């Protein structure tokens, strides 16, 4: 969005903590001070971790923000982020996100890092990451996921780090990692996996670290790790093999 007349920071950003962040960023004396769209356009990063922010309403007016560090707040809604097309790094770790709108990330074509760890996500909508062609890092650890939709990572061809640890996954679709040919780190530890699908890691030729610790695996398929020629670290501890 855009403002056509100078407007008080608190009018645009209703959350007092977030308004304070904007005030500090723009070097203003008070959150009641008026700002211009040109000043809002000058913002390319917001660092506000552990700031008790409940809402980022108003962020829609910052077209140029590229780095958004909002870890450790009280966010439940991130719909205001949808049209921030210049976003490259989004840290939403440790908030109170329970669900993700299906198309909330559809416009973030420049996003390379997405940290959604330590939230309370119970599911991933099909295609929620479909347009994140530039993504290299996806951290979904410490959530409440029980299953992954097939194809949920299929367009993330440039992904190098995928952290799915500390969830409650009880299965893995067979071709769920099929397109991640550049993946170097895959963390599946602390889940409830009892078996691994045949060929589940077949195409991860760049993989160097695979963590499957703290699951409930009783058996490993024959040659399940055979095509991982660059594998350097394989953690299988605390299972039932």
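Positions refer to the first chain, counted from 1.
- Stretch comparison (76-84 versus 157-165) by mean CA B-factor in the PDB entry places 76-84 on top.
- Remark: stretch with higher mean C-alpha B factor among 178-186 and 38-46 is 38-46.
- Out of 213, 60, 51, 209, it is 213 whose C-alpha atom has the highest B-factor in the PDB entry.
- When the modelled residues of the chain are ordered by C-alpha B-factor, residue 200 sits in the highest third.
- Residue 151: CA B factor lies in the highest third for its chain, per the PDB record.
- Sort the chain's modelled residues by C-alpha temperature factor and residue 226 lands in the highest third, per the entry.
- Per the PDB record, residue ranking by Cα B-factor puts residue 9 in the lowest third of the chain.
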